[PDB]
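Worksheet: one structure, shown below.
Using ideal geometry, Cβ is built from the backbone for each residue, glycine included, and neighbour counts are taken over all protein chains shown. Since every read-out is calculated from the coordinates, none of them should be taken as a lab result.
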Amino acid sequence: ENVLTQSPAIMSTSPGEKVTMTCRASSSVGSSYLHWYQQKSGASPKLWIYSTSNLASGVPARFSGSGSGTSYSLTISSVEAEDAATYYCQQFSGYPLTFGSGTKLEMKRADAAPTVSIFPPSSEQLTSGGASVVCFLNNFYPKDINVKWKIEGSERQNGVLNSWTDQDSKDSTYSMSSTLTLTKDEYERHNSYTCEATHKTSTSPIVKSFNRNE
Amino acid sequence: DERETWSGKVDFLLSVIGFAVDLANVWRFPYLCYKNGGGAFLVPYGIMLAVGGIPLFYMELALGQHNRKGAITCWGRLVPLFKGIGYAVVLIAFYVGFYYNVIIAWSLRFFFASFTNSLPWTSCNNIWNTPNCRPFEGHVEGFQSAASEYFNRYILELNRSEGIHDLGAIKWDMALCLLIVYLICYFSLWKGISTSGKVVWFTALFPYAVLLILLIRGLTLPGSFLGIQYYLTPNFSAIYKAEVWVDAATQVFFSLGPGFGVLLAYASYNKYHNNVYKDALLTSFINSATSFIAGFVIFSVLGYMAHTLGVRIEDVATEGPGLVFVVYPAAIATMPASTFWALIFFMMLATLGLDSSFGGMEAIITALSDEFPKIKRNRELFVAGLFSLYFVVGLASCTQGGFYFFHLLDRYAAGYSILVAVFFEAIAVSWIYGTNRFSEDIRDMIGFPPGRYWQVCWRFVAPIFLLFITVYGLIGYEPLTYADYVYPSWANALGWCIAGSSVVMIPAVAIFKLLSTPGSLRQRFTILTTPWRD
Amino acid sequence: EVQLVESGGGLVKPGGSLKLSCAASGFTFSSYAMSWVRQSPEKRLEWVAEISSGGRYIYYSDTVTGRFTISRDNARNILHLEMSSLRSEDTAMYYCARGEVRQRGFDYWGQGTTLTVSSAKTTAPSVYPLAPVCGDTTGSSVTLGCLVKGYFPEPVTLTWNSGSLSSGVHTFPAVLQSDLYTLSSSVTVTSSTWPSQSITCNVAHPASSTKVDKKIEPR
Ligand SMILES: CC(C)CCC[C@@H](C)[C@H]1CC[C@H]2[C@@H]3CC=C4C[C@@H](O)CC[C@]4(C)[C@H]3CC[C@]12C
Ligand SMILES: CC(C)CCC[C@@H](C)[C@H]1CC[C@H]2[C@@H]3CC=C4C[C@@H](O)CC[C@]4(C)[C@H]3CC[C@]12C
Ligand SMILES: OC[C@H]1O[C@H](O[C@H]2[C@H](O)[C@@H](O)[C@H](O)O[C@@H]2CO)[C@H](O)[C@@H](O)[C@@H]1O
Ligand SMILES: NCCc1ccc(Cl)c(Cl)c1
Ligand SMILES: [Cl-]
Ligand code: NA
Ligand code: NA
Ligand code: NA
């Protein structure tokens with residue numbers, strides 16, 4: 001098969017700037033047969049550029065494309081937050097038809113610190129014999145963030161479920177939820193549980209704790 | 001499954017250009033403009049070219065490339081009931097060989113006769129001349145020119161023959177010329193499209209070299225613009241007449257050459273995903289463009305004759321071999337360095353014929369190869385026998401009454417026989433095989449379906465403008481006559497038996513294969529209306 | 001105008017078989033070629049198969065070849081894909097996409113229908129309300145939460161107050177751990193809103209026939 005590799009994999013841009021993303025084919029692709037698709041989060045792909053140069057209906061003029069042979073590219077003259085999406089190229093030259101690995105385009109903004117919230121196990125879960133402690137980290141930039149868990153004063157690395165949102169369509173930040181799960185017995189053998197967060201915005205980690213005493 | 005391809009893409013284009021660009025691009029097209037009132041004739045020409053000619057030109061090349069078979073096997077796999085269309089169309093090209101090739105023989109004859117300081121057709125004082133010889137063309141028919149009497153009384157010796165019933169002796173310098181032609185044709189098509197594809201690099205290109213030379217030499221002649229006037233001067237009164245549109249129609253169809261099975265065979269050697277739509281458009285344009293250019297080549301000289309030779313344009317403006325073997329050599333003889341122009345002109349006429357002949361013969365060979373496996377491995381022995389047949393029968397063309405034989409075939413062997421075959425070609429594809437299924441075929445090949453403009457032309461426009469025009473041709477029919485000579489009606493009957501023998505293959509194979517298949521009547525239709533492996 | 005709608009799809013055990021359908025409207029269906037493109041949970045687009053306008057020309061990727069059969073109905077305008085001997089790597093969101101012109105690409109796409117190929121049993125989620133620590137300093141706004149744990153397969157529907165408040169809500173995508181999905185959601189509101197008013201967590205998991213609401217109380 002003809003493999004299309006796109007670079008970069010992820011790209012961050014301030015509005016108004018210009019971006020370029022590239023599409024490289026292992027074999028040669030006829031210029032007439034190469035296309036691009038834009039896919040926004042949670043939605044179907046939309047045809048964006050066809051035959052390498054040609055904008056699909058509804059596509060703003062800030063978009064353009066060029067290339068030939070094994071090398072192609074997509075360029076946005078002045079980026080808008082509306083343009084944040086994943087972009088897949090495609091070759092129709094021959095079968096099987098292949099799609100590029102994609103380029104995820106995300107907006108960048110001023111750094112933001114997360115608001116950390118910590119939630120003890122519900123009294124309904126505790127009856128079932130399970131105990132899980134949930135920590136939220138909301139509205140921060142950039143996306144990379146690191147969570148730590150201390151059962152008393154001691155780091156517990158086992159049994160954690162971390163989840164990130166996608167970039168917010170409005171404030172362009174990220175959010176993360178971390179869930180530490182224990183047995184009911186193991187939970188009640190301790191008192192002070194601590195969720196802690198190390199983000200770029202601070203050298204000092206944001207800490208949220210609670211004890212079973214209160 | 002296994003089939004050879006053109007050694008290169010250019011081979012195909014030059015094979016199609018070469019076949020499509022023939023001698024009629026030279027004598028007939030510029031005459032039709034002049035007779036039909038100049039640039040005003042471009043309108044019905046362009047219209048019939050657009051709706052009738054190019055779509056059908058497009059259609060064959062598509063079918064050929066897709067079904068990957070010769071003309072007979074192609075229609076067999078397409079519409080098994082209509083397989084006769086491939087039979088009809090192939091043996092038409094067979095009949096054309098018995099006449100068309102003698103035109104190249106005449107060209108080589110005038111070529112071999114062109115080595116000299118003084119061209120033999122210049123004066124009236126030779127042994128073949130009568131008292132009535134005049135230096136150049138005129139009105140009165142009892143008095144010919146020095147070029148006319150040279151062609152008729154020396155080269156042809158047509159004066160020694162009282163009609164087509166008396167052929168007279170055999171002229172061996174003509175037979176030698178005809179033999180030479182078939183030797184060239186043999187060693188071209190002998191090994192297949194491998195050699196054939198590269199040979200046409202000459203035969204297709206060389207006439208364009210000569211055209212440019214004769215164009216410049218023609219336009220630098222005094223009175224050349226006067227000719228261009230008669231050629232292109234618009235008169236739109238001629239648009240209203242019926243047979244003008246008939247003339248525009250029949251020219252476009254003979255010029256682009258669909259319906260000979262040639263385009264089918266040539267395309268059958270194309271790779272499946274080759275873009276045949278770009279080729280059909282490119283080739284169609286080049287062919288008409290060549291006709292337009294050659295017009296200036298002919299009439300610049302035709303003007304020079306009117307202005308400095310003291311002849312009137314009506315007498316020197318001609319179609320057919322009369323133009324190229326008499327009128328045009330007359331002018332060349334007068335101008336300085338005559339020997340050079342004559343030599344490249346007659347060489348151009350030959351290379352205009354050859355590439356066309358190749359296609360006609362290849363259409364026969366490829367069609368018979370695909371039907372009978374015995375022929376493909378034996379191909380060199382087959383084409384040897386085929387041309388052997390051509391030369392032996394072609395000896396009748398080399399007789400003293402040979403022209404009468406030529407003129408007979410020049411009319412009946414092709415023409416509206418081609419029109420009814422092409423008519424059925426459109427009806428079979430569109431209304432039986434279906435336009436939807438055909439459009440789907442092309443999408444698989446070149447990646448996109450034909451615009452609905454093409455579909456309408458195949459389904460509606462072409463059959464109508466064929467059927468109507470082929471009918472109006474039958475009404476304007478008159479028994480075949482040449483000069484003062486009226487062909488006997490037994491000769492006219494022989495011509496219809498020739499014209500009919502092809503066309504009758506449509507119902508023949510239809511009725512034959514229909515009764516040959518099992519079941520009741522309407523599953524017959526379905527069985528024979530189903531494509532090859534569908 | 002043009003609308004493509006994929007239907008069928010869901011949980012199927014490995015080696016099992018399933019049939020997908022695409023309903024087309026808004027154009028002449030017989031005039032265009034159709035294809036299936038699938039997107040793995042890793043969000044990679046992979047072309048599955050193509051069918052021509054009259055269905056007489058078919059193409060498959062070597063992944064699904066011989067297992068998958070793409071069909072077509074021009075009468076009722078329905079595209080079909082018949083899968084058999086399904087494997088876990090076939091898990092994806094399947095897209096119905098047109099069309100005919102190779103040089104113009106795929107100009108229309110459907111909503112997609114999700115296929116999950118797994119041997120894991122369907123299980124109902126356990127939803128828990130998340131009430132903050134007590135008693136603490138309460139600022140201008142307060143953050144509540146809802147924990148949906150131990151379910152399969154996807155999806156689940158989580159809304160707040162029957163979808164009333166969409167603002168200040170973050171619903172975190174589910175993560176599969178040992179054949180069980182866990183999902184959480186957080187919502188922030190002014191402390192004058194809560195617990196002055198009612199905040200309920202609406203969760204729906206149709207696979208297990210589960211409809212649950214959870215009111216969050218400080219208790
Ligand atoms: C006299 C010589 C030099 C020019 C001859 C004119 C010919 C080549 C021109 C005149 C009108 C033209 C046609 C006008 C209409 C169409 C429809 C379009 O969708 C395909 C091309 C097609 C079919 C054109 C093909 C080329 C065409 C036939
Ligand atoms: C005589 C004057 C007025 C016109 C001369 C016409 C010549 C220049 C034109 C007519 C036909 C043309 C050729 C048609 C076929 C091909 C194949 C294509 O893949 C490359 C161009 C090429 C090789 C063309 C070159 C130019 C060409 C030879
Ligand atoms: O007038 C042209 C030349 O005619 C003769 O040459 C003939 C020859 O007689 C014939 O058998 C041969 O096949 O063709 C040539 C050229 O047509 C004369 O013998 C020449 O002197 C003339 O120039
Ligand atoms: N291109 C003119 C049509 C034509 C000319 C010569 C021959 Cl031999 C044939 Cl079959 C057809
Ligand atoms: Cl012409
Ligand atoms: Na890219
Ligand atoms: Na021609
Ligand atoms: Na020719």
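Which residue fluctuates most in the GNM of chain A (Cα springs below 10 Å): A:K18, A:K170, A:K148? Greatest mean-square fluctuation among the candidates belongs to A:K170. The 3J(HN,Hα) values that the Karplus relation (6.51, -1.76, 1.60; θ = phi - 60°) gives for the stretch B:122-130 are, in residue order, 5, 9, 9, 8, 7, 6, 8, 7, 9 Hz. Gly and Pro appear as x. When chain C is treated as a GNM with alpha-carbon contacts under 10 Å, the residue of C:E100, C:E82, C:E42 showing the greatest mean-square fluctuation is C:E42.
Rounding to the nearest 10 and keeping the result within 0 to 90°, find how far the Cα-based axis of helix B:54-67 lies from the longest principal axis of chain B. For B:54-67 against chain B, the angle is about 50 degrees. Centre-to-centre separation between the Cα atoms of the stretch B:375-423 and those of the stretch A:77-138: 77 Å. Using C-alpha pairs under 8 Å with a sequence gap of at least 6, the mean separation divided by the residue count of the stretch C:1-119 gives a relative contact order of 36 percent. What the Cβ-Cβ distance of B:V392 and B:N436 gives, at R0 = 60 Å and to the nearest 0.05, is a FRET efficiency of 0.80. Here the label points at B:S123 and B:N275, each 7 Å from Cα along the C-beta direction, are separated by 6.1 nm in the simple model. In this calculation the C-beta distance from A:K18 to A:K40 is compared with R0 = 25 Å, giving a FRET efficiency of 0.80. Distances between placed amide hydrogens fall under 5 Å for A:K104 paired with A:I10, A:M11, A:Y87, all partners being 5 or more residues away or on another chain. Let me make sure I get this right: for the stretch B:37-106, a, b and c are the square roots of the gyration tensor eigenvalues over alpha carbons, sorted descending. Under 1.5 in a/c it's rounded, otherwise prolate if a/b > b/c, else oblate. Which is it? Verdict is oblate for the stretch B:37-106. According to the square roots a ≥ b ≥ c of the eigenvalues of the Cα gyration tensor, what is the shape class of the stretch B:132-231, taking rounded for a/c under 1.5, prolate for a/b larger than b/c otherwise, and oblate for the remainder? Judged from the Cα gyration tensor, the stretch B:132-231 comes out oblate (a/c at least 1.5, b/c at or above a/b). Take every pair of alpha-carbon atoms less than 8 Å apart whose residues are at least six positions apart; their mean separation over the length of the stretch A:1-109 yields a relative contact order of 39 percent.
Using only Cα positions of the stretch A:1-109, each an equal point scatterer, no hydration layer, compute I(q)/I(0) via Debye at q = 0.10, 0.11, 0.17 Å⁻¹ and quote the log10 values to two decimals. The Cα Debye sum returns log10 ratios of -0.25, -0.30, -0.72. Under the simplified labelling scheme, the B:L215-B:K374 pair shows an inter-label distance of 5.1 nm, with each label point 7 Å from Cα along Cα→Cβ. Out of residues 5 or more away from B:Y482 or on other chains, whose amide H comes under 5 Å of its own, with H placed 1.01 Å from N in the peptide plane? Placed amide hydrogens put B:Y487 under 5 Å from B:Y482. By the Cβ distance rule (another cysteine Cβ under 4.7 Å), the unpaired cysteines of the protein assembly as shown are B:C33, B:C74, B:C177, B:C185, B:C398, B:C457, B:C497, C:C134.
Helix B:9-20: angle to the longest alpha-carbon principal axis of chain B, degrees 0 to 90, nearest 10? Compared with the principal axis, the helix lies near 60 degrees. Each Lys and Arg adds +1 at its Cβ and each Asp and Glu adds -1 at its Cβ; summed about the Cα centre, the protein assembly as shown shows a dipole of about 1100 debye.
Backbone geometry of the stretch B:284-298 corresponds, through the Karplus equation with coefficients 6.51, -1.76 and 1.60 at θ = phi - 60°, to 3J(HN,Hα) couplings of 4, 5, 4, 4, 5, 4, 4, 4, 4, 5, 4, x, 5, 4, 6 Hz, x marking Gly and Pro. Neighbours of B:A248, meaning other residues whose beta-carbon lies under 14 angstrom from its beta-carbon, give a summed charge of +1 when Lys and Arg score +1 and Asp and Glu score -1.
For chain B, leaving out every one of the trypsin sites (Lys or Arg not before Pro) that falls in a DSSP loop and has at most 11 other Cβ atoms within 10 Å, the longest unbroken run is B:4-532.
Averaged over the residues of peptide C:146-159, the number of Cβ atoms from other protein chains lying within 10 Å of each residue's Cβ is 2. Considering only C:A120, C:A207, C:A131, the Gaussian network model of chain C with Cα springs below 10 Å gives its largest mean-square fluctuation to C:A131. This model, with +1 at the C-beta of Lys and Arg and -1 at the C-beta of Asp and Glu, gives chain B a dipole about its Cα centre of some 1220 debye.
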